[PDB]
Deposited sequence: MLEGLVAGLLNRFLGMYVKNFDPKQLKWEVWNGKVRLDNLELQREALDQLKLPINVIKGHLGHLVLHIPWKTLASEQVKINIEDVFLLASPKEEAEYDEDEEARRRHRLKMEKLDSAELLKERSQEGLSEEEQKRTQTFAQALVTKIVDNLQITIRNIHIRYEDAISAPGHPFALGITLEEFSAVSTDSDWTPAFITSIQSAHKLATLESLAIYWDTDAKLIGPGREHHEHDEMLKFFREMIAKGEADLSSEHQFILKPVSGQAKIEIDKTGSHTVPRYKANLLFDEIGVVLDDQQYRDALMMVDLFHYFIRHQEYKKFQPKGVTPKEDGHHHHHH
């Protein structure tokens, strides 16, 4: 239990953690946490895990994360029991995250016109539900029904734009006149994941109800839109690009 958490945590991010409730603050992620983005800097403000250790496997767990930011840039026997434990505990957990700001700044691309790319979301909630989308603690084999809830989803992409205490404020102030492309939107998504692996049923089903999406484009963004398409293809498919890098 505690050892698993500690080891995993150790690498992404110890004596004090005792796995009794838990509480953490001001965790700075590693530069090698993972996408080709090199994490220039990464920071998680506050984190909380509430484990019902005595009553585990009867009722769902809880983890609440407050203030996580991410900054990035382009770059040149016992184990089987443990695994089943991790499976059952992760299958019915509830995650609640607020104030998340992933901002990715590219300077090398579109040379001479550096841009900053950004995703803003100040509340996300994913929980396990039953076949009929009423939330519950169901343990099932055939399919997993997750329900996520998404408040203030916003994306900004602004062309021609550029210490720990200052940086945190900068990352958190945005959540209003930046060149947003996706106005803040709130909605709910019903994901259903198949575990049978059968070829008669889909791997993923999603029913997302969103309200009032507004998307805005400007002349700079419209000009760089094709360049941007190239960018996203690159994130998603970088290994295919790898052969073309020079080997003289």
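Original post:
Missing C-alpha stretches, by deposited numbering?
Top reply: Gaps in the modelled chain, taken against the deposited sequence, lie at 1-5, 19-22, 30-33, 48-51, 94-134, 221-229, 243-250, 324-336.
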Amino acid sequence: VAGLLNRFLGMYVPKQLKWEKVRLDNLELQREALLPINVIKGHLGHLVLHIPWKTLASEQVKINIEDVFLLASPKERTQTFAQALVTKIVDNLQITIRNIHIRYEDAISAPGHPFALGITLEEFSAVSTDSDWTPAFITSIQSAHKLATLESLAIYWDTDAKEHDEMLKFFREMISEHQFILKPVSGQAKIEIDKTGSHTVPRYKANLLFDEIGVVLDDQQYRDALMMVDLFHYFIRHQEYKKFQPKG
From here on, numbers count along this sequence of modelled residues.
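**OP:** Between 182-190 and 57-65, point out the one with the higher average CA B-factor as the PDB entry records it.
**Re:** Taking the mean C-alpha B-factor of 182-190 and of 57-65, the larger value falls to 57-65.
Subject >> Segment of higher mean CA temperature factor, 164-172 or 136-144 >> reply: Comparing averages over the C-alpha atoms only gives 164-172.
Original post:
Quick one: which of 199, 50, 195, 205 has the biggest Cα B-factor according to the entry?
Top reply: Max CA B-factor in the entry, restricted to 199, 50, 195, 205: 50.
Original post:
Which has the highest CA B-factor per the PDB entry: 78, 120, 94, 131?
Top reply: So the option with the highest C-alpha B-factor is 78.
Original post:
Which third of the chain holds residue 33 when residues are ordered by C-alpha B factor: lowest, middle or highest?
Top reply: Middle third.
Original post:
residue 45: which third of its chain by C-alpha temperature factor?
Top reply: It falls in the top third of the chain.
Subject >> Chain thirds of CA B-factor: placement of residue 110 >> reply: Ranked within chain, residue 110 CA B lands in the highest tercile.
Subject >> Modelled-residue ranking by C-alpha temperature factor, third containing residue 26 >> reply: According to the entry, residue 26 has a C-alpha B-factor in the chain's highest third.
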